């Protein structure tokens, strides 16, 4: 039942990521006191009970490698039935460079490789002693050594991708961006450019519209239609939006702490949307004001082009 995207290198990636590792409260330090039993328990439960290949989206910045590592050790879910995406913290330095970050992560996770490694932001912390070019080249070496089965970037503009393409031996395989019906181009032209250049887009915060659901939702065309589709298919509104992202050729990344929502996200491929329905979600979304939840200070200037 599970669907996959095929990356430019021929490798497959599960077409929805359903396990996220954010502490609901930002985690400032890594101590026994800050270890989140609640997070480790939901990751373990997901690995135990979610059918098929379970795609986890992790990140150095979360400081939840210990919780992911404990869950990975305690599950009997086999390693090959897990796809682990990890991200080098470029915005806020924790490691000197990608090589150091991933070496540390592999040891904390208790694993030999990650399935996808991303540069989390093109906007490097002033405290980092490495530039974008040098970081990408480190990802190329982690790809060649097999520590990262696939490599890519996150929150890159067209100009950022062009900077990588100018020095790349290995073309980035993924660009994880914020994408939803209320933000259909995180930065100008990114969707069209990425898809034309065989760089797979992942969409984080694809459920932004449901987070920022206004209290007049019952009277808003977008939310009215989303409810109509939910009722038509006997699926949740979340499931309809996640499937819409997939139908736009983009891999939705979601991060619920409710096991039934995690299972529902994995199960989006239990139905389909017609061409009309995909187009109508798109069109009603584009009529809406942009909603941007991440990289706000960097990309506000692009809001006028996002829809």
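Residue numbers count along the first chain shown, from 1.
- Relative to its counterpart among 91 to 99 and 175 to 183, 91 to 99 has the higher mean temperature factor, C-alpha atoms as listed in the PDB entry.
- Note on 67 to 75 vs 189 to 197: mean CA B-factor is higher in 67 to 75.
- Residues shown: 115, 202, 131, 237. Highest C-alpha temperature factor in the entry: 131.
- Comparing the listed residues 45, 241, 59, 265, the entry records the largest Cα B-factor for 45.
- When the modelled residues of the chain are ordered by C-alpha B-factor, residue 290 sits in the middle third.
- The PDB entry assigns residue 217 a C-alpha temperature factor belonging to the highest third of its chain's modelled residues.
- Ranked against the other modelled residues of its chain, the C-alpha B-factor of residue 280 as given in the entry falls in the lowest third.
- For residue 110, the recorded CA temperature factor ranks within the highest third of the chain's modelled residues.
- Residue-level temperature factors show residue 138 in the middle third of its chain, judged at the C-alpha atom.
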